[PDB]
Amino acid sequence: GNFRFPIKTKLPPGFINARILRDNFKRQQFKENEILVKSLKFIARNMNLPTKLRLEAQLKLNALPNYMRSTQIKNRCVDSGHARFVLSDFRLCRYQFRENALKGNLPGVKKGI
Amino acid sequence: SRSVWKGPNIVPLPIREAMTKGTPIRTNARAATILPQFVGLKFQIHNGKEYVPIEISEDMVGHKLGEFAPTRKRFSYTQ
Amino acid sequence: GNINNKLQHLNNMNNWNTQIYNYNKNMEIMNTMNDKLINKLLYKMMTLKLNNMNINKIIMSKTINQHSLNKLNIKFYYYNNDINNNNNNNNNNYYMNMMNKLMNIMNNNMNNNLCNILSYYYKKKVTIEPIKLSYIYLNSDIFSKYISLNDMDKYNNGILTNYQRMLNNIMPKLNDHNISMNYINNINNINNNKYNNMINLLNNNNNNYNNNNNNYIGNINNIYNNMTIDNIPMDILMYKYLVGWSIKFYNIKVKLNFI
Amino acid sequence: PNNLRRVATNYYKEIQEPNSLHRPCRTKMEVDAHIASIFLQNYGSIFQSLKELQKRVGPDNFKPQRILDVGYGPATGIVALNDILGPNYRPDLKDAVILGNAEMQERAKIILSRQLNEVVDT
Amino acid sequence: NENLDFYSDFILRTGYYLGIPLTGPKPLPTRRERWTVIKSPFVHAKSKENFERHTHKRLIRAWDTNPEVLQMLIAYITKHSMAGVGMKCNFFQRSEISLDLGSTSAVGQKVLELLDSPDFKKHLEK
Amino acid sequence: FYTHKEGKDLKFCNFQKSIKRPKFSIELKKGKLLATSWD
Amino acid sequence: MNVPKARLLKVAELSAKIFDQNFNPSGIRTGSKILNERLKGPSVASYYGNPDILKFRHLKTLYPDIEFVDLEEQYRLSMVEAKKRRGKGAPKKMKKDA
RNA sequence: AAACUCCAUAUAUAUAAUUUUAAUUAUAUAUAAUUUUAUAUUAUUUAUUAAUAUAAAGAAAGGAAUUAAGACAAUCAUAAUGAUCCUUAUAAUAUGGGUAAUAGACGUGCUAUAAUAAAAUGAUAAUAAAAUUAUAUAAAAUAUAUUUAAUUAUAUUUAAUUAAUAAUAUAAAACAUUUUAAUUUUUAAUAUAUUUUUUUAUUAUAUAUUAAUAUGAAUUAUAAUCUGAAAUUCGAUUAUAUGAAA
RNA sequence: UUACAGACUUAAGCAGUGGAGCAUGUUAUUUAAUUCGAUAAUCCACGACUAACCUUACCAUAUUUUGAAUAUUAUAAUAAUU
Ligand SMILES: [K+]
Ligand SMILES: [K+]
Ligand SMILES: [K+]
Ligand SMILES: [K+]
Ligand SMILES: [K+]
Ligand SMILES: [K+]
Ligand SMILES: [Mg+2]
Ligand SMILES: [Mg+2]
Ligand SMILES: [Mg+2]
Ligand SMILES: [Mg+2]
Ligand SMILES: [Mg+2]
Ligand SMILES: [Mg+2]
Ligand SMILES: [Mg+2]
Ligand SMILES: [Mg+2]
Ligand SMILES: [Mg+2]
Ligand SMILES: [Mg+2]
């Protein structure tokens, strides 16, 4: 009845916590508004356009919600939710990578020589 | 240091009311760039806890509001 | 010899639960994540109830996800102790027990088979092959799950003197050395049967210039005489006999040594 | 350094034993080893416990005129007291029963001659 | 490598009957990926477990074959593929210089829409 | 009771205070005897 | 290097025209890079997996005949009843209307 | 435990129509050593022996993982289970701030304090390995700083390659030449030479100075650039100027 | 309580480093917060796979109240079944 975020979003299928929910929401809204942000950035950085239109685009860019910002997306462990020491090849933290690797869950990972 | 070719860091602010009424502008936009229009107007700039009152002079244009609202207290030791 | 024959070594691909390679690394990560999630879902579909006091718990191993270029096969081993109708009658031939109903929705159900739902999740054809294990000590994963989840009343107040005794009389104490030496003798016999076959097929002559380049010894029948599917396969199969086992007691830590 | 360090180490090694207890000094080297390694934590233990008395009784209500200190050290209690009660404090009686080797008393004169509460009255 | 080599051998057999001259499987340099996982001690003791993944590669080349037969090869070997094997196929088609009938971005569209909106037209007014 | 294997949970009433190290204390605790670990 | 710049500029302009490339002889910042950068939204938005996975709550309608038991859910409900019996239940949540 | 096993190394076979070229390679399989033999010497439990040296054969010289117990440590911000406490708040969201404060102290690094050592320059381009590039790697060219050009930085443009193919990327030190404060051990003006990129002679070439230079690059001023919606607290780079300690 | 041997360690030898500036961690202190990381007397509380926002766990202000889950019971909108 009272979703914590301004727009309704589907939940991730696996492990869930508040931080994962917040990061996932930002990921979905970045995708919906990626074209809009690129179009405003183009207008604001195209020196062929008049300064007034350029400044208008910059003002519109500064007024966008924080959940449309690409730089606020943070890679988190999809199994534990941690945001430190996360490997992008598996989207897991170093501890979960080692546990999964030794269980044979990672497609081609074996113990080094 | 923002590249000059990009222009100022313009933020939405209520400047018209402060120019027709003289009311102070309370803002948290510490990144905002003090534009030449702001000169003479009164701003209340958040420092994380309180809103510091500051009036803009002509030697403040180009700087940013955050530069005039210190966020930390001076250090002291229990000598 | 051992690694050059499919019956004498375990393919390294089987060391991983997700057997896949995609040029698109992102799609590979997604498939790997989908296999863990489906494995969890399947674990939740193994517990069934007929009535309040008839809850049948099927013990399922971890899934083996075989990703080929055209399809995904989800292979898992399961153990079910049929406690509702364990009779000598043929009454089970006139109704589908809960475990048969569960297994028939994997592929057989024409309207809501789990394979079609998963085929959209993976965007590829999906098949599920359940394989029934009759003993709980043939798979280390099933054995640990049974103890952990079903034998709690036996080790929650210390390991019962009867419970431990049962876990020590599961298998007769086979002599590994004699079994190991019998296996090595069979290999030598098979290896010496083929060398003799060729030596005879050569000494009997089955272009002298061509008798220095080609290596074709002769008819396939003679080279493989007395080497058939009825005597070679079952004698070379490895990991056929349980020769050791250590259980530990919460966290069950079972280890099985199959030679 | 090394010589005194060893004697200090021996005493430290002895007290490491669980539920061990302190003891008086035996030789002159132990006196110096105690004044360098054990006097410091004893001074602080007496300093934080006399300030508790001064506050929980009353800063005005804490002005003893007859003091006795007993311990295995160079009048550590007196050294702490002279600091907590100021340099103008001159109580009538101050008897320190140093229960250990006799050298400790000579060292106590050195330490207590550096506090203005204890200087010959003319 | 085991399934990779076995499947490669099967492709050569399929091609032969289809009449496709095939060469290979040529072994290409194996790629090694590495990851080091510091363990709980990180005390410079056995505090760094190592892991690795090897991508085994094989190249099978087809020559002097018509496109239709080449597609039959790819279709058949796709139908009977092995677990954990991936396949990339580069097709080379020789063509004539001049052919008959031959062989707008989202951002650009939005920019035009934005520059026509009143919040932008109100400034472009000259 | 504390020294026994079952008194490792027992809580005794002690108080902790921080005191600077004078020069002589710093000098003393330098070397292989007083400054080096023993386990 | 001895080739006149005018001649080399004529080749660049004509070449750019044939190959549908942007010819910016002056060098003014045009933002063309922004217009050419690839969209990373779809990959970023799939980080945590496909949300449309089959869930245990959907099993009671997909397979009405079969009665599945969620042991994790069942364990939680028993722990809730236990705390209610010990008096350690949860306080009634305040209503916004109040 | 060891053996075994794998890796490395040597060799053999197979594969590559030797332009995905590195065939001086790639990676599958197999073989090899835990080396072997003669001889003399010294010891021995003296024999069918060890330590030695000598001769002969050999590519052969290095690593990896590995049992179960016992006693003990860590909150694991690296996973749990119970109990216990909060439930308009100890739960949830947004804006800004903080985690970057600064007396003293400690650990670990970086750059230095000059001549067995620092700085320039080296284009038919001296010589690597291991990795990375679809949530990209970015060539060449042109423009500006900026000068003939090169170099370095950024901009413009976005070739090729999603790869034994193209790109990151002409490795660096080395080596050669030139230069180098302290140093009157220099430089310059004349003359001189069979040392000529140099010698010698006579004149000037400052004093200061236990010391900081053409060593060092901290600090700081100003201008510009990069990423990002945003660089104020609080990022990176460049230019001119500043040039601390040591 | 005796004796033996072997340890780990020891010092020896060699090659680097020990003060200065700065980087970074900790402590102490400060602070609205400077998130968290140590107490049975030798020494010793250390997270460099990236803290501008995010990360974030802390502070100030404002704001939300069955919230991310499962189930129960109602109400509707929708599609099938009947
Ligand atoms: K070649
Ligand atoms: K901050
Ligand atoms: K130098
Ligand atoms: K190179
Ligand atoms: K800044
Ligand atoms: K900022
Ligand atoms: Mg980030
Ligand atoms: Mg920090
Ligand atoms: Mg070269
Ligand atoms: Mg270039
Ligand atoms: Mg070169
Ligand atoms: Mg050089
Ligand atoms: Mg100096
Ligand atoms: Mg210099
Ligand atoms: Mg923050
Ligand atoms: Mg915040």
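These values consider heavy atoms only, across backbone and side chains, with no hydrogens, waters or symmetry-generated copies. Here is how names work: the chains are called A, B, and so on, in the same order as the sequence lines, proteins then strands, and each is numbered from 1.
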Is it true that C:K25 and C:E28 make a salt bridge, defined as a side-chain N closer than 4.0 Å to a carboxylate O?
-> yes
Criterion ring-ring contact (aromatic ring centres under 6.0 Å, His included) on D:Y72 and D:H22, from CA distance to verdict = CA-CA 8 Å; D:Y72 316 117; D:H22 292 281; 7.6 Å; no
Using a heavy-atom cut-off of under 4.0 Å over every strand shown, decide if E:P29 touches base, sugar-phosphate, or nothing.
-> base
Nucleotide opposite I:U78 in a Watson-Crick or G-U pair, distances under 3.5 Å | none
Pairing nucleotide - H:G235, Watson-Crick or G-U, each distance under 3.5 Å | H:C226
Could you walk me through whether C:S148 and C:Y250 pass the side-chain hydrogen bond (donor to acceptor under 3.5 Å, both in side chains) check?
-> CA-CA 8 Å; C:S148 173; C:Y250 68 115; 2.9 Å; yes
If we call it a pair only when both distances are under 3.5 Å in a Watson-Crick or G-U wobble match, what pairs with I:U17?
-> none
Judged by the sign of the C1'-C2'-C3'-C4' torsion, with positive meaning north and negative meaning south, the sugar of H:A26 is north
How is B:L65 classified with respect to the nucleic acid when contacts are heavy atoms under 4.0 Å: base, sugar-phosphate, or nothing?
-> nothing
Side chain of B:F75 (C-beta onward), nearest among I:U30, H:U135, H:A28 | I:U30
Applying a 3.5 Å limit to both distances, which nucleotide forms a Watson-Crick or G-U wobble pair with H:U25?
-> H:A16
On a plain distance test, is the side chain of E:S40 in donor-acceptor contact with the base of H:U78 below 3.5 Å?
-> yes
Syn or anti: how is H:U35 classified when any glycosidic angle within 90° of 0 counts as syn?
-> anti
H:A164, H:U102, I:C43: which one has an atom nearest the side-chain heavy atoms of F:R21?
-> I:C43
Contact under 4.0 Å: B:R30 side-chain N or O vs H:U233 OP1/OP2 | no
Please state whether the base of H:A136 and the side chain of G:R38 form at least one donor-acceptor pair under 3.5 Å?
-> yes
Does NZ belonging to G:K96 count more than 12 external heavy atoms closer than 6.0 Å?
-> no
